[PDB]
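Protein chains in written order, with PDB author numbering: chain A, 13 to 143, 146 to 260; chain A', 13 to 143, 146 to 260. A prime marks a further copy of an entry chain. Presented below is the structure to which this report refers.
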Ligand SMILES: Cc1cn([C@H]2C[C@H](O)[C@@H](COP(=O)(O)OP(=O)(O)O[C@H]3O[C@H](C)[C@@H](N)[C@H](O)[C@H]3O)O2)c(=O)[nH]c1=O
Ligand SMILES: Cc1cn([C@H]2C[C@H](O)[C@@H](COP(=O)(O)OP(=O)(O)O[C@H]3O[C@H](C)[C@@H](N)[C@H](O)[C@H]3O)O2)c(=O)[nH]c1=O
Ligand code: NA
Ligand code: NA
């Protein structure tokens with residue numbers, strides 16, 4: 013509960029935040045010995061980017077791997093880790109998640125996209141992992159403008175995550191934080207909910223506002239997310255661009 | 013009715029088609045003397061581009077200018093001329109319009125944008141000007159894909175206009191064409207109709223298809239056409255991008 017972590021495992025499928033954390037850790041001076049290992053899980057993200065920064069592949073669904081983690085580390089980060097941590101892992105070693113949403117709202121998948129749809133707050137959250147709603151170590155909201163798309167909000171979120179990492183890393187490693195309980199249940203969205211946003215139904219009836227929000231939520235730079243089909247079922251991918259002027 | 017035109021006035025606010033025509037005319041050899049003068053009318057198009065290619069400014073609402081044209085030229089082109097030719101002009105000298113639409117459909121303003129909205133045929137038309147529906151010298155349809163925007167269709171139209179200019183310029187100058195009468199009344203759209211498309215109403219209820227068509231019709235490269243407002247009435251300009259993939 014109280015002693016400095018000396019052996020940290022970072023499980024991450026995001027190179028940008030992994031590099032940021034690794035550089036932040038190099039700036040710290042801890043009284044007790046400290047080592048951090050980085051690992052990735054996800055073939056369908058950017059595994060070679062993670063390799064390129066020195067991470068190795070780990071499989072959290074390997075029950076032996078989980079026993080090794082419990083016996084070999086005293087703290088584990090889920091830094092945009094795509095694999096689920098099982099109860100056996102979270103029950104037996106302190107596991108901390110770095111989530112690119114503002115808990116308790118739009119938990120789960122692509123929080124900023126759902127925030128564009130439903131107008132709920134977003135941002136980043138550092139929270140404990142417990143075998146639905148881990149207690150929060152720190153979080154910070156970001157602003158969503160009517161011009162923003164999923165990418166624009168996401169970059170704000172990443173920036174705020176980095177800030178939270180710099181603000182909290184010393185206290186986390188020294189185990190010198192108090193958490194707060196979430197104050198509301200909020201809500202959760204899954205990958206299938208995002209796919210449903212992407213499958214545009216040309217016949218669907220709604221307000222222009224509803225429709226523009228779907229496009230903004232599913233526009234993320236040049237990703238091919240949202241699409242409609244013709245009668246032969248050729249897919250047409252759709253993106254929106256919104257600009258304010260003088 | 014039958015003799016070669018020897019003195020052509022081209023009134024144009026489109027440099028691209030004016031240059032194309034001027035180069036096409038330089039390739040012709042006519043038995044009788046032939047000269048063409050180019051003029052532009054529109055301060056709010058690209059008047060300095062027209063100047064740069066040697067055109068001079070003309071005002072068709074100058075009643076004296078019109079009398080001079082009638083006494084000084086034997087053929088007049090409206091090559092995307094933004095000023096209205098009055099009856100006095102069209103009644104007294106052969107005036108020919110080069111229209112970036114497929115008559116009789118979506119006559120008037122930005123034909124391809126309205127074709128994206130209403131699914132009517134578009135393309136280009138060369139027709140006589142008579143003091146609603148001049149007889150047609152030649153026209154050719156272009157294809158509209160579900161991925162196209164106003165710009166994509168417009169470039170096709172410009173390409174086909176050029177083709178029609180090359181196909182028809184000798185016959186026009188020699189006055190050796192037969193026209194056909196339009197076969198249907200079709201329809202007309204004005205500038206105010208386009209502005210109404212651009213003023214997005216976020217509360218408006220419709221199909222996603224309707225809404226995507228509005229965006230495609232009002233997307234034309236980086237033009238700031240379509241916009242919504244926030245509660246303070248800051249305008250947010252909107253464009254769509256649609257791409258087919260493998
Ligand atoms: C793969 C993919 C991503 N995106 C956008 C939306 C996302 O918010 C953004 C980043 O995607 P990403 O796969 O790197 O996801 P991450 O930003 O790492 O986060 C995702 O996984 C974490 C493990 C979870 N804790 C997060 O809740 C979940 O949203 O890119 C798309 O718009 N389309 C896509 O196909
Ligand atoms: C000025 C303006 C243009 N556009 C797009 C749509 C247009 O089809 C395209 C070209 O515009 P333009 O002003 O050069 O128009 P032109 O292509 O020269 O044609 C227009 O004037 C001729 C005299 C008329 N005969 C045509 O029916 C009318 O559409 O650019 C926009 O999307 N937004 C704009 O504000
Ligand atoms: Na704290
Ligand atoms: Na003809």
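Backbone N, C-alpha and C define an ideal beta-carbon position, used for all residues, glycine too.
| request: Can you list the residues near ligand 4, meaning Cβ strictly closer than 5 Å to any non-hydrogen atom, in the order they appear in the chain? | output: A':151 and A':191
| request: Give the DSSP bridge partners of residue 153 of chain A', in chain order. | output: A':137
| In chain order, each beta strand (DSSP E) run of at least 3 residues that lies wholly inside the stretch 169-255 of chain A' | 219-221 and 240-243
| Is there a Cβ from chain A that is less than 8 Å from the Cβ of residue 259 of chain A'? | Answer yes: the Cβ-Cβ gap between residue 259 of chain A' and chain A drops below 8 Å somewhere.
| task | Measure the alpha-carbon distance for residue 145 of chain A' versus residue 118 of chain A' and round it to whole angstroms. | result | The gap in chain A' between 143 and 146 takes in residue 145 of chain A', so it carries no coordinates here.
| Under the three-state reduction of DSSP, which class applies to residue 90 of chain A: helix, strand or coil? | strand
| Based on Cα-Cα distance, which residue from A':200, A':100 and A':232 lies nearest to residue 163 of chain A'? | A':232
| task | Tell me, please, whether the CB atom of residue 145 of chain A is closer than 8 Å to any CB atom in chain A'? | result | Between 143 and 146 the numbering of chain A has a gap, and residue 145 of chain A falls inside it, with no coordinates.
| request: For residue 96 of chain A, count neighbouring Cβ atoms within 10 angstroms of its own Cβ and tell me buried if that reaches 16, exposed if not. | output: Exposed, because fewer than 16 other Cβ atoms sit within 10 Å of the Cβ of residue 96 of chain A.
| field | Cα-Cα separation between residue 216 of chain A' and residue 249 of chain A', rounded to whole angstroms | value | Those two C-alpha atoms are separated by around 12 Å.
| task | Check whether the Cβ of residue 234 of chain A lies closer than 7 Å to any heavy atom of ligand 1, and answer yes or no. | result | yes
| Where residue 38 of chain A and residue 47 of chain A are concerned, what is the direct C-alpha to C-alpha distance, given to the nearest angstrom? | 10 Å
| said: Looking at ligand 5, does it come within less than 7 Å of residue 193 of chain A, judged from the CB to the closest heavy atom? | reply: Absence of ligand 5 is noted for the structure shown, with ligand 1, ligand 2, ligand 3 and ligand 4 being the only ligands found.
| request: Could you say which of A':105, A':71 and A':182 lies nearest to residue 136 of chain A' if we only look at CA atoms? | output: A':182
| Just how far apart, CA to CA, sit residue 77 of chain A and residue 205 of chain A? | 26 Å
| Reduced DSSP secondary structure (H/G/I, E/B, other) of residue 20 of chain A | strand
| Exposed or buried, residue 68 of chain A, counting other C-beta atoms within 10 Å across all chains shown (16 or more means buried)? | The residue is exposed, with fewer than 16 neighbouring Cβ atoms inside 10 Å.
| For chain A', is any of its Cβ atoms less than 8 Å away from the one on residue 220 of chain A? | yes
| query | Should residue 219 of chain A' go down as buried or exposed, given a rule of 16 or more other Cβ atoms within 10 Å for buried? | reply | The residue in question, residue 219 of chain A', is exposed, as its Cβ has fewer than 16 Cβ neighbours within 10 Å.
| request: Identify the continuous beta strand (DSSP E) that holds residue 108 of chain A and give its terminal residues. | output: 107-111
| said: What would DSSP say about residue 73 of chain A', mapped onto helix, strand or coil? | reply: coil
| request: Using three-state DSSP, classify residue 119 of chain A' as helix, strand or coil. | output: Strand.
| message | Quick test of your reading: residue 188 of chain A and residue 16 of chain A, contact by CB under 8 Å. State the CB separation rounded to the nearest angstrom. | response | Rounded, the Cβ-Cβ distance is 5 Å, consistent with contact.
| query | Identify the residues that DSSP records as bridge partners of residue 52 of chain A: which are they? | reply | Residue 52 of chain A is bridged to A:69.
| message | Counting only C-beta atoms, is residue 223 of chain A' closer than 8 Å to chain A at any point? | response | yes
| task | For residue 47 of chain A', name the three-state secondary structure that DSSP assigns. | result | strand
| If you compare alpha carbons, which of A':156, A':157, A':52 and A':86 is closest to residue 45 of chain A'? | A':86
| request: Using a Cβ cut-off of 8 Å (strictly closer), state whether residue 216 of chain A' contacts chain A. | output: yes
| query | What residues in the stretch 240-257 of chain A' bring their beta carbon closer than 9 Å to a beta carbon of chain A? | reply | Answer in chain order: 241, 242, 244, 248, 249, 250, 251, 252, 253, 254, 255, 256 and 257.
| query | At a CB-CB cut-off below 7 Å, which residues of chain A make contact with residue 127 of chain A'? | reply | The contacting residues do not exist; residue 127 of chain A' stays about 17 Å from chain A at best.
| said: Could you check whether the Cβ of residue 161 of chain A sits closer than 8 Å to any Cβ belonging to chain A'? | reply: Yes, residue 161 of chain A lies at the interface with chain A' (some Cβ there is under 8 Å from its Cβ).
| field | Cut-off 6 Å between Cβ atoms - residues of its own chain near residue 88 of chain A', not counting five sequence neighbours on either side | value | 21, 105 and 107
| field | Within chain A', the residues that residue 238 of chain A reaches when beta carbons sit closer than 8 Å | value | 257 and 259
| task | Taking all protein chains shown into account, decide if residue 113 of chain A' is buried (16 or more other Cβ within 10 angstroms of its Cβ) or exposed. | result | buried
| Among A:125, A:110 and A:126, the one whose alpha carbon lies nearest that of residue 178 of chain A | A:110
| field | Bridge partners - residue 257 of chain A', DSSP secondary structure assignment | value | Answer is A:251, bridged to residue 257 of chain A'.
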